[PDB]
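Comments concern the structure below.
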Amino acid sequence: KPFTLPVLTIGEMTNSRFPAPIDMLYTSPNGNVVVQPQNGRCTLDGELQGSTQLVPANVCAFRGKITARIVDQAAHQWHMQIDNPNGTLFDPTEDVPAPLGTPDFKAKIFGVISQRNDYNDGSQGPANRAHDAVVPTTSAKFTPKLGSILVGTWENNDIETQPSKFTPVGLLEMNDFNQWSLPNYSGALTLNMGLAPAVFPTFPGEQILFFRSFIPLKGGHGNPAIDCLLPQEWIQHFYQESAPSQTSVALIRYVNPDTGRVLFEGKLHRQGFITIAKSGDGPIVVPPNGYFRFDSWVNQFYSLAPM
Ligand SMILES: C[C@H](CCC(=O)NCC(=O)O)[C@H]1CC[C@H]2[C@@H]3[C@H](O)C[C@@H]4C[C@H](O)CC[C@]4(C)[C@H]3CC[C@]12C
């Protein structure tokens, strides 16, 4: 069964690590950083890894129920028991780091917590409320592997012990934001388990190619970005196809359909990430209609043309 890529321009792709369209291609040496995201992870033959699931709306979202105020915190802080972001119960026994779609980076994540009561007020139906909220993945009480997280709100009174959804919007602040720093999915207890492995180039002169989205920031200065190894569409595609990988590397070419010419080439590794022959930190300048084309199976030590 032949391996394929979907035919998509970068304006038609979705970030697999934060709910946002892809804004640009991006590359970096990432010298003293371990690139090990848990969302957006899928082998070329369709094996999901880490905390990766299929629905873009579930990425960095939470669903569950607020059960109490955080102990010894009389204001602004809520204990939220979480399920899988698709309402299904969460089994901590499974070899995953967290409920699928849980954020895979340290940050104060800004969004909205919304509640629909699970009972009716007479003929009117259930009551509702929604407020600005923060999920600090840096908190010791961020323990999604154990089924609970801390949620902070500016509202201190209008929150009930009721079914709750967290819709992510962006970052609250730049402080403690590191997109390559994995959260302690079990807080101060044990360590992280079920992880997708770190990815890195193994051939000299190569760097990882990222699909980058710039995400909102509630205050302060900065231009925070989320890089993913694979767009969500490729993950959904590989999962459907499950095409066997003939080698460890698929040779892909970025093609301009207007001129028909190849602009650059990259190595799509079996583990689900791209390397290119390029040095430096910055965007890859590309035309609007360009797309990736799968051309050949090659070896781990294939030499790419420098770009
Ligand atoms: C308690 C948590 C996280 C604390 C932390 O980083 N480490 C301590 C720990 O290990 O829990 C903090 C981090 C950011 C805080 C929020 C943000 O500062 C924004 C906001 C500021 C308002 O003055 C109070 C509510 C509100 C919404 C804060 C509530 C408490 C939060 C959610």
Side-chain angles (χ1 to χ4, degrees), residues 15-20 34-43 47-62 64-67 70 77-88 90-93 96-111 113 133-152 163-172 176-188 190 192-199 215 226-230 232 235-236 239 271-272:
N15 198 293
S16 59
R17 297 184 60 232
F18 199 83
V34 173
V35 181
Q36 197 178 6
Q38 300 303 307
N39 286 316
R41 300 300 300 270
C42 185
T43 65
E47 171 187 311
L48 299 173
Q49 302 177 337
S51 64
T52 296
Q53 47 78 53
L54 296 178
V55 178
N58 292 331
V59 179
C60 288
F62 295 97
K65 165 181 177 175
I66 289 174
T67 56
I70 286 302
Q77 296 184 24
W78 308 96
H79 180 292
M80 179 179 178
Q81 173 269 329
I82 65 173
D83 306 308
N84 291 115
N86 65 335
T88 71
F90 172 59
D91 182 19
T93 279
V96 287
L100 303 186
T102 296
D104 64 353
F105 57 94
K106 282 186 168 175
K108 267 59 74 70
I109 296 180
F110 173 68
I113 195 87
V134 182
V135 175
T137 62
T138 55
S139 169
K141 300 178 186 295
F142 183 74
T143 58
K145 175 66 164 178
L146 318 179
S148 65
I149 66 175
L150 181 150
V151 180
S164 305
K165 297 157 145 190
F166 176 81
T167 302
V169 175
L171 303 186
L172 165 78
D176 310 301
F177 166 58
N178 187 331
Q179 70 160 327
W180 300 128
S181 183
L182 291 176
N184 294 286
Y185 296 106
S186 310
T190 62
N192 298 330
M193 300 175 191
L195 297 179
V199 298
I215 65 170
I226 293 297
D227 300 315
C228 67
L229 305 172
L230 306 165
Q232 188 68 18
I235 290 164
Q236 300 164 313
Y239 179 85
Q271 311 97 282

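Along the sequence shown, residues carry numbers from 1.
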In Å and rounded to the nearest 0.5 Å, what is the [atom1] to [atom2] distance from [X] to [Y]?
{"X": "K65", "Y": "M80", "atom1": "NZ", "atom2": "CE", "answer": "11.5 Å"}
{"X": "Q81", "Y": "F90", "atom1": "CD", "atom2": "CZ", "answer": "11.0 Å"}
{"X": "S16", "Y": "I226", "atom1": "OG", "atom2": "CD1", "answer": "10.5 Å"}

Tell me every residue that passes side-chain hydrogen bond (donor to acceptor under 3.5 Å, both in side chains) with [X], counting only those two or more places apart in sequence or in another chain.
{"X": "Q179", "result": "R17, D227"}
{"X": "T137", "result": "none"}
{"X": "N15", "result": "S213"}

task = Show the numbers, then the answer: is there a side chain to side chain contact (heavy atoms under 4.5 Å, CB included) between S164 and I113?
result = CA-CA 7 Å; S164 305; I113 195 87; 4.1 Å; yes

task = Decide yes or no on side chain to side chain contact (heavy atoms under 4.5 Å, CB included) for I109 and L172, but give the supporting numbers first.
result = CA-CA 6 Å; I109 296 180; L172 165 78; over 6 Å; no

If you define the side chain from C-beta out and look only at heavy atoms, does anything of [X] sit under 4.5 Å from [Y]?
{"X": "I149", "Y": "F166", "value": "no"}
{"X": "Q36", "Y": "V199", "value": "no"}
{"X": "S148", "Y": "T143", "value": "yes"}
{"X": "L146", "Y": "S186", "value": "yes"}
{"X": "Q271", "Y": "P197", "value": "no"}
{"X": "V59", "Y": "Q53", "value": "yes"}
{"X": "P168", "Y": "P19", "value": "yes"}

Heavy-atom pair of closest approach, residues [X] and [Y]:
{"X": "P85", "Y": "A61", "value": "CG-O, 3.7 Å"}
{"X": "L195", "Y": "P97", "value": "CD2-CB, 3.7 Å"}
{"X": "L182", "Y": "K106", "value": "O-CE, 3.6 Å"}
{"X": "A198", "Y": "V34", "value": "CB-CG1, 3.7 Å"}
{"X": "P56", "Y": "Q232", "value": "CG-CG, 3.9 Å"}
{"X": "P183", "Y": "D104", "value": "CD-C, 3.4 Å"}

Polar side-chain atom of [X] near backbone of [Y] as donor-acceptor pair, under 3.5 Å:
{"X": "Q49", "Y": "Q38", "result": "no"}
{"X": "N178", "Y": "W180", "result": "yes"}
{"X": "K141", "Y": "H79", "result": "no"}
{"X": "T43", "Y": "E47", "result": "yes"}
{"X": "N84", "Y": "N86", "result": "no"}

request  = Describe, in one word, how the ring planes of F105 and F18 are oriented to each other, choosing from parallel (under 30°), tilted (30 to 60°) and perpendicular (over 60°).
outcome  =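 Aromatic pair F105/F18 classed tilted.
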
query = Just by distance, with hydrogens left out, do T52 and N39 show a side-chain donor and acceptor under 3.5 Å apart?
reply =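 Their side chains do not contain a donor-acceptor pair, so the 3.5 Å distance test is not met.
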
Any residue meeting side-chain contact (heavy atoms from CB on, under 4.5 Å) with [X], in chain and number order, not counting sequence neighbours:
{"X": "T102", "value": "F62, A98, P99, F142, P144, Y185"}
{"X": "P136", "value": "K108, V134, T138, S139, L150"}
{"X": "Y239", "value": "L48, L54"}

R41: salt bridge (charged side-chain N to carboxylate O under 4.0 Å, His left out) partners, not counting sequence neighbours =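 So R41 forms no salt bridge (charged side-chain N to carboxylate O under 4.0 Å, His left out) with any residue.
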
